[PDB]
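J.: Sequence plus experimental coordinates follow:
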Amino acid sequence: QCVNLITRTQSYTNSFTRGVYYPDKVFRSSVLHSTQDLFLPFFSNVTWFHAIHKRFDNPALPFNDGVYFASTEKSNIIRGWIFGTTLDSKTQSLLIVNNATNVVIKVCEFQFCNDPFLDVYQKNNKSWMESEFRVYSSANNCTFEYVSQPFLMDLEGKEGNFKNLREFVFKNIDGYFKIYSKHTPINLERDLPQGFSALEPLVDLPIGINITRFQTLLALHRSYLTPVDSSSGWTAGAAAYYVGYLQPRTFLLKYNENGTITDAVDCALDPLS
Amino acid sequence: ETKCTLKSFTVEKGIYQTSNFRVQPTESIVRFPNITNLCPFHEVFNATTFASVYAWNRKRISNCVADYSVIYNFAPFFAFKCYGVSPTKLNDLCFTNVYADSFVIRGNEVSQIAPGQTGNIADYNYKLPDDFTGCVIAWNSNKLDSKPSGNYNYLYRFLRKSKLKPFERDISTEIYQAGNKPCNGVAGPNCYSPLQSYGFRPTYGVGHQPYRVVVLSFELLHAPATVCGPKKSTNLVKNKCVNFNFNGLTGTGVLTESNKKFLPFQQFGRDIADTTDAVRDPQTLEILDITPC
Amino acid sequence: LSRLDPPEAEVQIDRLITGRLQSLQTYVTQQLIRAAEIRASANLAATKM
């Protein structure tokens, strides 16, 4: 169970103002604050994935001092998240799988294909169940499992337009991996939205893992079966999503009467800032 | 007292100063979550013989309410060195997370753990965090630690080139290859292998005794908890000068109903003045504020 | 005090007291010089009225 191509690709764009996560549970009301943590640059010349898609990569994603991720779509186009150093049953590998039932977390020592996947159709059964297990399938000598409610909006996202954009912050402090995400309601429908947003903190796992080469995976509709459809027919383009890299610089933050962030500026920018 | 402040047995006229009122807290109210599950520490302390210094089985015990009595049942507790904390306050407060790394070292390097002096652990073999909030306990169970036949499985690495980042497990090859000749690992006398054994048979001296050294690594100022004794969240008071305890941080003040609204995950309510004046119970939604006494 | 102990506390918590003391010394010195120039300004105002 592994169908692969040896072809990768990459794209290119320019972010403007994204990646604002709440660093602590403080209720600062209508005041200002200074923030010195891992953030995206303002007007950052970020790295894109290709706007095409269905396509299929096997990319290498470099973890560099916290990783910000963004994807606006319907029907949950992206589903898996593999973080770690080598991901070949020799370093600690953090696995996130988001189905429609309940998201599952595996901080385990798992070998991997260079592009693990699972193919789903109905095929006169009305069941897009997990029939392919092209992930590890072995090396279960590990010490973590977790089950949570799906924060991600599920498959078949019938909404008015490009209604929601998923921002994600994968951050590590002393082996403590924290996911600070936001399913924000965007309504601009043109690539990167020109606007302001904030990210709530929701996932904190103090487990212990070294992450150098991470990846982001998915589970979509290829064949549901190995011989019913021809393989190696999906081009190296992946999907349209944005990746950005954080850094520990100075920034300024402003709060409102409801305690949320309404404005923020990059203190390490052009000198008016 | 006015005659006292004027340093004379008479006073002239008018207004003079003295001390303040300083209203005292009448009681103390502690707020804890309503989860109390007992924890089996017999699977982490008095288990079988543990590893040597060349491997650190960094085992994190899960979230479980455990009193100090279970840990205190062990008579042969021998290590007493700490750093800024007396070893008699291990309970009544809920810590962050326990890293009870339990392994064995040779008995003549117990006094060389501290930084500022390089030993068999403070060398390139291991790098320890500079703060070291966690402590070290090392009891002896030599009645079953050392078999009569012998225990030669304990190893340690001695020679290394580079420097390690602290709080890492140091398990690798780390071989030596140098000299003014081609060696390529099979030279012979140019090997100088850095891994050496210990050996443990019960006819030894004083620095050759095995120890079940558990180093306890933790931190401070972290909102949830992993292991602490069963202590109850006592009943609250309103408009009472009280020492409130919000899972850790305490203070003196009175309670007021909070008209303002907070986010469900933003229960902490610090202000521009950098004071805690908003809180909710760890069990119930209690949108409240605190004004100090 | 929740951390340290009376056999070992005062050697660490002594510099806090000195730092607070010298910060108040600086604040008070600034207050005296500001009060002096405001006193001169108020004397000028009294002269003007």
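T.: Arrived safely. Numbers count the residues shown, from 1 in each chain, chains lettered A, B, ... in the order given.

J.: so how far is residue A:117 from the residue nearest to residue A:84 when sequence neighbours are not counted?
T.: Nearest non-adjacent residue to residue A:84, counting by Cβ to Cβ, 6 or more residues apart in numbering or on different chains: residue A:93, 4.0 Å away. Yep, even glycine has a C-beta here, placed from its N, CA and C like the rest. Distance, residue A:93 to residue A:117, using Cβ to Cβ, to the nearest Å: 17 Å.

J.: still on that earlier bit, tell me how far the residue nearest to residue A:84 lies from chain C.
T.: Distance from residue A:93 to chain C, counting by Cβ to the nearest Cβ, to the nearest Å: 38 Å.

J.: In contact with that residue, which residues?
T.: Going by Cβ atoms under 8 Å, 6 or more residues apart in numbering or on different chains, residue A:93 touches A:82-84, A:87, A:106-110, A:112, A:209.

J.: try residue A:106
T.: Residue A:106 makes contact with A:93-95, A:97, A:142, A:144-146, according to Cβ under 8 Å, 6+ apart.

J.: Of these, which belong to strands?
T.: In strands, defined here by DSSP state E, the members of those are A:93-95, A:97, A:146.

J.: Buried ones among these?
T.: Of the members of the ones in strands among the contacts of residue A:106, the ones counted as buried by neighbours, 16 or more other Cβ atoms under 10 Å in any protein chain shown, are A:93-95, A:97.

J.: Okay, and the residue in chain C that chain A sits nearest to sits in which element?
T.: At 20.4 Å from chain A, residue C:3 is the closest residue in chain C, using Cβ to the nearest Cβ. Using DSSP states H and E, residue C:3 sits in no helix or strand.

J.: shouldn't residue A:257 be in contact with residue A:27?
T.: No: Residue A:257 lies out of contact with residue A:27 (Cβ atoms under 8 Å); the separation is 11.0 Å.

J.: which one of the two has more residues nearby?
T.: residue A:27 (21 against 10; other Cβ atoms under 10 Å in any protein chain shown).

J.: residues touching residue 86, list them.
T.: If you meant another chain, say so; for now it's chain A. Going by Cβ under 8 Å, 6+ apart, residue A:86 touches A:212-213.

J.: was after chain B, sorry
T.: residue C:5.

J.: got it, and residue B:80?
T.: By Cβ under 8 Å, 6+ apart, the contact set of residue B:80 is residue B:87.

J.: Nearest residue to residue 10 in space, please, no chain neighbours.
T.: Looking at chain A here, since you left the chain open. Counting by Cβ to Cβ, 6+ apart, the residue nearest residue A:10 is residue A:47, at 6.7 Å.

J.: my question was about chain B
T.: residue B:3 (6.9 Å).

J.: cool, residue B:292 as well?
T.: residue B:253 (4.2 Å).

J.: Beta-bridge partners for that neighbour, please?
T.: Beta-bridge partners recorded for residue B:253 (DSSP bridges): residue B:242, residue B:292.

J.: can I assume it is in contact with residue B:290?
T.: Yes: checked against Cβ under 8 Å, the pair residue B:253 and residue B:290 is within contact range at 4.5 Å.

J.: what touches both of these two?
T.: Common contacts of residue B:253 and residue B:290 (Cβ under 8 Å, 6+ apart): residue B:244.

J.: Now do the same contact list for the residue nearest to residue B:292.
T.: B:241-242, B:244, B:290-293.
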